[PDB]
Amino acid sequence: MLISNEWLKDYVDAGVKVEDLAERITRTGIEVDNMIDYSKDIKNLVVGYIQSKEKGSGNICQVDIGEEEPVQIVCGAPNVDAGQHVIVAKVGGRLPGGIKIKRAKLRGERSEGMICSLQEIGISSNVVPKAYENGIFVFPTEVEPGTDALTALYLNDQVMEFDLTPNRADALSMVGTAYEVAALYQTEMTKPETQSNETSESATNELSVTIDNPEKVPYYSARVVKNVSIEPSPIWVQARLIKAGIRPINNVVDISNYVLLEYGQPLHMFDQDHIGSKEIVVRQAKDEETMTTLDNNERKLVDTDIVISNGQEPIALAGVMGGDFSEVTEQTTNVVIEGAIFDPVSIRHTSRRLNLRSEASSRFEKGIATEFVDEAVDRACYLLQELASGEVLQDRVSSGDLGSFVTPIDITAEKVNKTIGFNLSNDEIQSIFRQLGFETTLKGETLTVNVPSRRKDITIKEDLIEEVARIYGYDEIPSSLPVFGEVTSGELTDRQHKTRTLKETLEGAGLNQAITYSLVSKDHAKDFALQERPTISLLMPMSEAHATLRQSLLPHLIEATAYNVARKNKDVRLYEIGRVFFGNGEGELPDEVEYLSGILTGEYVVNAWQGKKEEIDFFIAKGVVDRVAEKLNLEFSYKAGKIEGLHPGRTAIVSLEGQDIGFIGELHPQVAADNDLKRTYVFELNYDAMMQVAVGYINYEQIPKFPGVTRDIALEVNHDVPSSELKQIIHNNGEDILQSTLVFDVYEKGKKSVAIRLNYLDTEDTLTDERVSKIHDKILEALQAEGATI
Amino acid sequence: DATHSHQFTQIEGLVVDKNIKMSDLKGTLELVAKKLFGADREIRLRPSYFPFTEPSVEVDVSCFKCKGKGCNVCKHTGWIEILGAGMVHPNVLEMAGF
Amino acid sequence: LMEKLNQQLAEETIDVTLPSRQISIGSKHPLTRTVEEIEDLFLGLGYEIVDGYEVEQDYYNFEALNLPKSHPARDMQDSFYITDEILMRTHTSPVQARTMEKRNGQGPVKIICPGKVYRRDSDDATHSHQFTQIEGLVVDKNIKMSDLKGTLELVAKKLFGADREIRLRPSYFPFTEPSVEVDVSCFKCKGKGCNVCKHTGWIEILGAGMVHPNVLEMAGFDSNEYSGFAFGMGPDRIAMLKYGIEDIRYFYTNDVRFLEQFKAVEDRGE
Ligand SMILES: O=C(Nc1cccc(S(=O)(=O)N2CCN(c3ccccn3)CC2)c1)Nc1nccs1
Ligand SMILES: [Zn+2]
Ligand SMILES: [Zn+2]
């Protein structure tokens, strides 16, 4: 929102330069994002009167500039003429873009200065009125030659740009902002004149208004002013529109933009003698109704759209765009003025659908102050009198009820102080509400604050708390800490704690913590998933890279390894703990399951000068996963397997308590090769499953005071059998006293040798050679019978 | 791009009790700011608006680089915005049963 | 190629059942585990953790804890004295007295001091000339024994599980008044009774009570204004209880067969 200082001073004076104004407004709630200075880079700009013009062969002009003698100015501009008051940069003068005004000679003829376009004093074409767009500017009325031009133009001015919050629609206007400034500086604000010299007729006899959709149109009024003559607006209207980024059009069209800016009330003008009727009718559009906007585009309506009509026919999209016949033109002489409140959501959706967003429609979206609907109509009627030769009919034709324009809210100072941490008296609080221009009465220890409808943000008394605090000052709010009366020690949950610990142990082993994107390409969303299960796609992805949730962490960890490797980062070691997502079908939240995965390639251990290089292989990758199981006190088993992206003779499934919870494996040589990767290993695990095992306290065993016994057996097997199966019977037969086993060697045509070292021990009772041979030989017999030589 | 991510991270918190004040939110923010950026940090609270809180604030930390001269890091204001906050809104409490 | 890379595939098959290349994990000392557990409980209640000297002045070891120069406690026979006035500390309370005095008489104080302590005794399976204590000390303005009791309850749950209850038995220490000896409900037998708890269903884990007026005042705090509670416990004992460790000396002998049993996380179980 663009607020001119110059202009604002019509309603309130803060007594202060514009920079101090901005700073105090910013401090108290409304951000001034910047300040536009219309005087900038301009020197020696004065009004001239063009006394005579010769064009026997450039345009040579004699210009009164308030000196003794006229100056000759050569000006090539298609619209310059005698009789015109104009803008002159004098010799010695400066204009934006580093332009210098020199004594000169054009085609052998003196020029003492330059007559300017608005663009040439820094105005954007976007907001230059059509009349002067492709030549020079001409003042709409007479001004004394020699007068300061910027001052005459109402552009010797700075303009604050507010970047407002939705809270503060009130500052979408000059009148709102002046109420804010008047509070801040504790000074009087004055609204403008809206009393017109009214005729003997009434609009009651001119016009009917009926509202058909009152759920959707809380109010609609109109007034009539007759015998308007259309011509340029005065220069202060023009310049104020310009400073606010609106192109001036003409006196009548301009009045409605002006009063929009002044009061915040969107106004519409219809040619009275072209409504096509003497009834206005507000209602919904009918499904697949058409209209044509002023615009000459044809607008397919839906029934959610509000139109204005007469009786057969839409004369406008309400609040959004006029139609192609009821509008003001150069020929118009009688006008009807609308002041209506339309439903915010209706307007927001219509303008968005049809890409017909305007400054006026955004006012309807952000909500309208009831206190100013009639007053702002009355203001435009007044201005039309004053600047459009208008004749103002008595009365208003309206439908609907605006409420009360104050809403009382009760509050105590205890509630204020206890919410904020303040110690203000009723006096100081009551004075704040008055400062803000709120009538506030104290009965006992209760203030009734009479909150005017021009602050439509304030409805409940927490709203009124923020006023106090922002006005009195957030700087002044005391620093405390809450004292809780129910005492609890703050700690990580078990799961939270284990997760910190586990990350620590993965970092301790050389793995970097990754964080990958949850969203994958729809093609890859089911990559590495083991249960078939629906994937979850976004209605509106911004990228095909990020269209579908993730049923595995491995696609992006593979990508991430591919990326590092391409950048010559050959040693990649990463882990992630993150959610994957599985559809519970339609309209249902998915299962979000926390995984633990990682990926490894390169050296694990390197010291070149010693000739040390240990390349990551599968058993390193298992070591990582073993180390996760150790730290967590969990028992994992491992059986050969076949998966998706994986080397089929170097992949294993991982089980915990007879549940499969993940896998480890080398990437398929094809997938490696696609990604320019060397030998690479990944693992993926259901962390949710892991975290369900309650492991309790560590089970301590006593330290043996005497030795145990170690025997190494040597087997022969289906070269073809899992070592896991040996370990399992052995350990099934070793009872009380088998402490540990180790496969320490393998050989392989058709059979393999497995050397395994058994460690017997009894920390509890006295171990004997007789029990150890009894058990040993029952071991080697369980082995023989589940199919084992030696 | 370099300053915008479709996936990013938040930390929020919420305290609900019986005489909870904005002084109490302020002391909490001060500790947060020190935690993150050092024992000497101060904060600044600027008025603002979020639908779920009332009053609302936007929260700056004194710049940890320039004492408070001003620098690139803090856009030569000496304050850097790090948090928003404010009092939970009545409707939010009540829809939740408090 | 779909011959050759295909029979490379097969020359590359492995028993995935074989021993991983271990990436070995070192152990956290059982005594450190208990101390840190207790650190964490009390950090979360707003307390600080304080360390002090292991070799201490007899004023802070004794005098400031309400043991005048007479007192039998100060026997040269039962503490490791280095001079008349300097000795290995016998408890971590010197640290807490040195800490209070520094506060010149303003609270709160809320501190937890773990550390090594020293006693002139012969070593066996239940006695160690060097062992460990954790004490703490809260000094504030309306501090009650109800407040020491709730604190002890959390401690006991922290150590031995959410279901633990405590019992307070009257007792006597010179630095506190009232004093208590503190039992935890046995974590093994529900409350039937067992070897672990000597078939009483209660196990003694802590002593505590209200800080004694003289102790407050010698340190500068005003005992008309400020009360106080304090407490001690012994991780050596706690951890022998919790695990069935058979010999206190096992903590200080560093058999890796003992140490290396304490690699893994634990939980509240079920
Ligand atoms: O007051 C304490 N701690 C305290 C309170 C009661 C019980 C125990 S305890 O069980 O571990 N204890 C250890 C010492 N024992 C002693 C020591 C000397 C004499 C008698 N008995 C008794 C048992 C410790 N410390 C303070 N620091 C500063 C101010 S008060
Ligand atoms: Zn800075
Ligand atoms: Zn028992």
# chains A, B, ... in the order shown; residues from 1 in each chain; ligands from 1
>>> residues_around(residues="region 22-28 of chain B", least_positions_apart="2", cutoff="6 Å", atoms="only C-alpha atoms", output="ChimeraX atom specification")
/A:420-421,478-482 /B:30-31
>>> residues_near_ligand(ligand="ligand 1", cutoff="7 Å", atoms="only C-alpha atoms and all ligand atoms", output="VMD selection string")
chain C and resid 65 73 91 93 to 94 96 to 97 135 to 137 173 to 176 179 206 to 209 211 215 230 to 233
>>> residues_around(residues="residue 59 (chain B)", least_positions_apart="4", cutoff="9 Å", atoms="only C-alpha atoms", output="PDB file with N, CA and C atoms, in the first residue's frame")
ATOM      1  N   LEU B  29      12.517 -17.141  24.803  1.00  0.00           N
ATOM      2  CA  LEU B  29      13.096 -16.800  23.506  1.00  0.00           C
ATOM      3  C   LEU B  29      14.497 -16.323  23.662  1.00  0.00           C
ATOM      4  N   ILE B  43      17.520 -10.201  22.323  1.00  0.00           N
ATOM      5  CA  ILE B  43      16.487 -10.219  21.308  1.00  0.00           C
ATOM      6  C   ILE B  43      15.724  -8.916  21.170  1.00  0.00           C
ATOM      7  N   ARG B  44      15.001  -8.821  20.052  1.00  0.00           N
ATOM      8  CA  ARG B  44      14.014  -7.782  19.765  1.00  0.00           C
ATOM      9  C   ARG B  44      12.671  -8.414  19.353  1.00  0.00           C
ATOM     10  N   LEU B  45      11.587  -7.916  19.928  1.00  0.00           N
ATOM     11  CA  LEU B  45      10.267  -8.351  19.521  1.00  0.00           C
ATOM     12  C   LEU B  45       9.525  -7.268  18.694  1.00  0.00           C
ATOM     13  N   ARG B  46       9.111  -7.620  17.476  1.00  0.00           N
ATOM     14  CA  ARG B  46       8.349  -6.699  16.591  1.00  0.00           C
ATOM     15  C   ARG B  46       6.918  -7.208  16.476  1.00  0.00           C
ATOM     16  N   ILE B  80      18.868  -9.805  13.383  1.00  0.00           N
ATOM     17  CA  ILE B  80      18.491 -10.886  12.477  1.00  0.00           C
ATOM     18  C   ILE B  80      17.274 -11.648  12.967  1.00  0.00           C
ATOM     19  N   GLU B  81      16.279 -11.806  12.092  1.00  0.00           N
ATOM     20  CA  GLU B  81      15.046 -12.501  12.400  1.00  0.00           C
ATOM     21  C   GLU B  81      15.231 -13.993  12.391  1.00  0.00           C
ATOM     22  N   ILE B  82      14.822 -14.626  13.492  1.00  0.00           N
ATOM     23  CA  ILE B  82      15.078 -16.051  13.662  1.00  0.00           C
ATOM     24  C   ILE B  82      13.832 -16.866  14.024  1.00  0.00           C
ATOM     25  N   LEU B  83      12.821 -16.214  14.598  1.00  0.00           N
ATOM     26  CA  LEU B  83      11.689 -16.895  15.169  1.00  0.00           C
ATOM     27  C   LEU B  83      10.445 -16.078  14.913  1.00  0.00           C
ATOM     28  N   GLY B  84       9.280 -16.734  14.760  1.00  0.00           N
ATOM     29  CA  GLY B  84       8.029 -16.129  15.245  1.00  0.00           C
ATOM     30  C   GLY B  84       7.319 -16.782  16.429  1.00  0.00           C
ATOM     31  N   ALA B  85       6.422 -16.058  17.080  1.00  0.00           N
ATOM     32  CA  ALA B  85       5.777 -16.528  18.319  1.00  0.00           C
ATOM     33  C   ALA B  85       4.561 -15.683  18.731  1.00  0.00           C
TER      34      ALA B  85
END
>>> select_by_dssp(residues="region 503-609 of chain A", states="alpha helix (DSSP H)", output="MDAnalysis selection string")
chainID A and resid 503:508 554:566
>>> residues_near_ligand(ligand="ligand 2", cutoff="8 Å", atoms="only C-alpha atoms and all ligand atoms", output="JSON, numbers by chain")
{"B": [62, 63, 64, 65, 66, 67, 68, 69, 70, 71, 72, 73, 74, 75, 76, 77, 78, 79]}
>>> residues_near_ligand(ligand="ligand 3", cutoff="10 Å", atoms="only C-alpha atoms and all ligand atoms", output="MDAnalysis selection string")
chainID C and resid 185:203
>>> write_last_selection(atoms="C-alpha atoms", output="tab-separated table (two decimals), in the first residue's frame")
chain	number	residue	atom	x	y	z
C	185	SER	CA	11.17	-51.77	46.53
C	186	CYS	CA	12.92	-54.82	45.21
C	187	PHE	CA	13.06	-54.83	41.42
C	188	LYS	CA	13.26	-58.64	41.18
C	189	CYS	CA	10.51	-60.17	43.30
C	190	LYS	CA	7.65	-57.73	43.05
C	191	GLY	CA	7.58	-57.79	46.82
C	192	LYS	CA	7.45	-61.47	47.74
C	193	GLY	CA	11.08	-61.49	48.91
C	194	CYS	CA	14.33	-62.85	47.52
C	195	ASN	CA	18.07	-63.35	47.88
C	196	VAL	CA	18.68	-59.93	46.28
C	197	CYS	CA	16.69	-58.08	48.91
C	198	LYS	CA	17.44	-60.52	51.81
C	199	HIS	CA	13.75	-61.58	51.71
C	200	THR	CA	12.51	-58.24	53.06
C	201	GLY	CA	11.40	-56.87	49.66
C	202	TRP	CA	13.23	-53.62	50.40
C	203	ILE	CA	16.79	-52.69	49.41
>>> residues_around(residues="residue 640 (chain A)", least_positions_apart="2", cutoff="12 Å", atoms="only C-alpha atoms", output="ChimeraX atom specification")
/A:637-638,642-643,646-655,663-665,720-724 /C:13-18
>>> interface_residues(of="chain A", to="chain B", cutoff="8 Å", atoms="only C-alpha atoms", output="list in words")
residues 27, 28, 29, 165, 166, 167, 418, 419, 420, 421, 462, 463, 465, 466, 470, 474, 475, 477, 478, 479, 480, 481, 482, 517 and 518 of chain A
>>> interface_residues(of="chain C", to="chain A", cutoff="6 Å", atoms="only C-alpha atoms", output="list in words")
residues 13, 14, 16, 17, 20, 21, 22, 23, 44, 45, 243, 264, 265, 266, 267, 268 and 269 of chain C
>>> select_by_dssp(residues="chain B", states="strand (DSSP E or B)", output="PyMOL selection string")
chain B and resi 43-48+53-62+79-88
>>> atom_distance(atom1="CA of residue 377 (chain A)", atom2="CA of residue 301 (chain A)")
28.4 Å
>>> residues_around(residues="residue 194 (chain A)", least_positions_apart="5", cutoff="12 Å", atoms="only C-alpha atoms", output="number ranges by chain")
A: 259, 263, 372, 374-386, 392
>>> write_last_selection(atoms="N, CA and C atoms", output="compact mmCIF listing (two decimals), in the first residue's frame")
# COMPACT_ATOMS: atom_id res chain seq x y z
N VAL A 259 -11.33 7.56 -4.16
CA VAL A 259 -12.09 7.41 -2.95
C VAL A 259 -11.89 6.00 -2.47
N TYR A 263 -10.76 6.11 1.36
CA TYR A 263 -11.66 5.60 2.39
C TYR A 263 -11.55 4.10 2.49
N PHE A 372 -17.77 3.24 6.77
CA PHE A 372 -17.42 4.14 5.66
C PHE A 372 -18.14 3.81 4.34
N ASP A 374 -21.29 4.44 3.33
CA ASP A 374 -22.19 5.49 2.89
C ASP A 374 -21.37 6.76 2.79
N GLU A 375 -20.53 7.00 3.79
CA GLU A 375 -19.71 8.17 3.79
C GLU A 375 -18.82 8.26 2.55
N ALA A 376 -18.51 7.14 1.90
CA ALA A 376 -17.51 7.19 0.84
C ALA A 376 -18.15 7.36 -0.54
N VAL A 377 -19.31 6.74 -0.73
CA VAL A 377 -20.32 7.18 -1.69
C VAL A 377 -20.60 8.67 -1.59
N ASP A 378 -20.93 9.17 -0.41
CA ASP A 378 -21.19 10.57 -0.24
C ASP A 378 -20.01 11.47 -0.62
N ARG A 379 -18.82 10.88 -0.63
CA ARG A 379 -17.57 11.60 -0.80
C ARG A 379 -17.37 11.68 -2.30
N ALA A 380 -17.57 10.55 -2.96
CA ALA A 380 -17.52 10.55 -4.41
C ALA A 380 -18.63 11.41 -5.03
N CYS A 381 -19.76 11.62 -4.32
CA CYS A 381 -20.89 12.43 -4.84
C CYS A 381 -20.46 13.87 -4.68
N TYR A 382 -19.87 14.15 -3.52
CA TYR A 382 -19.31 15.47 -3.30
C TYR A 382 -18.24 15.84 -4.35
N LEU A 383 -17.37 14.90 -4.65
CA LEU A 383 -16.27 15.21 -5.54
C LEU A 383 -16.77 15.43 -6.98
N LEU A 384 -17.76 14.62 -7.37
CA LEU A 384 -18.43 14.71 -8.66
C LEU A 384 -19.12 16.08 -8.82
N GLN A 385 -19.82 16.54 -7.78
CA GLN A 385 -20.21 17.95 -7.70
C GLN A 385 -19.03 18.84 -8.06
N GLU A 386 -17.92 18.66 -7.34
CA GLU A 386 -16.86 19.68 -7.25
C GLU A 386 -16.00 19.72 -8.51
N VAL A 392 -26.13 16.61 -7.41
CA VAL A 392 -26.26 15.50 -6.46
C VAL A 392 -27.72 15.35 -5.98
>>> atom_distance(atom1="CA of residue 280 (chain A)", atom2="CA of residue 303 (chain A)")
18.7 Å
>>> atom_distance(atom1="CA of residue 692 (chain A)", atom2="CA of residue 12 (chain B)")
27.3 Å
>>> residues_around(residues="residue 16 (chain B)", least_positions_apart="4", cutoff="9 Å", atoms="only C-alpha atoms", output="list in words")
residues 20, 88, 93 and 98 of chain B
>>> write_last_selection(atoms="N, CA and C atoms", output="PDB file, in the first residue's frame")
ATOM      1  N   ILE B  20       0.215 -18.175  32.292  1.00  0.00           N
ATOM      2  CA  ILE B  20       1.286 -18.054  31.308  1.00  0.00           C
ATOM      3  C   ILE B  20       1.191 -16.670  30.653  1.00  0.00           C
ATOM      4  N   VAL B  88      -0.986 -18.171  22.414  1.00  0.00           N
ATOM      5  CA  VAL B  88      -1.939 -19.017  21.726  1.00  0.00           C
ATOM      6  C   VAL B  88      -3.309 -18.345  21.728  1.00  0.00           C
ATOM      7  N   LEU B  93      -6.852 -22.995  21.722  1.00  0.00           N
ATOM      8  CA  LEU B  93      -7.102 -23.612  23.018  1.00  0.00           C
ATOM      9  C   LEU B  93      -8.458 -24.315  23.042  1.00  0.00           C
ATOM     10  N   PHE B  98      -9.142 -27.097  25.845  1.00  0.00           N
ATOM     11  CA  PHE B  98      -8.675 -26.354  27.002  1.00  0.00           C
ATOM     12  C   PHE B  98      -9.574 -25.141  27.216  1.00  0.00           C
TER      13      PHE B  98
END
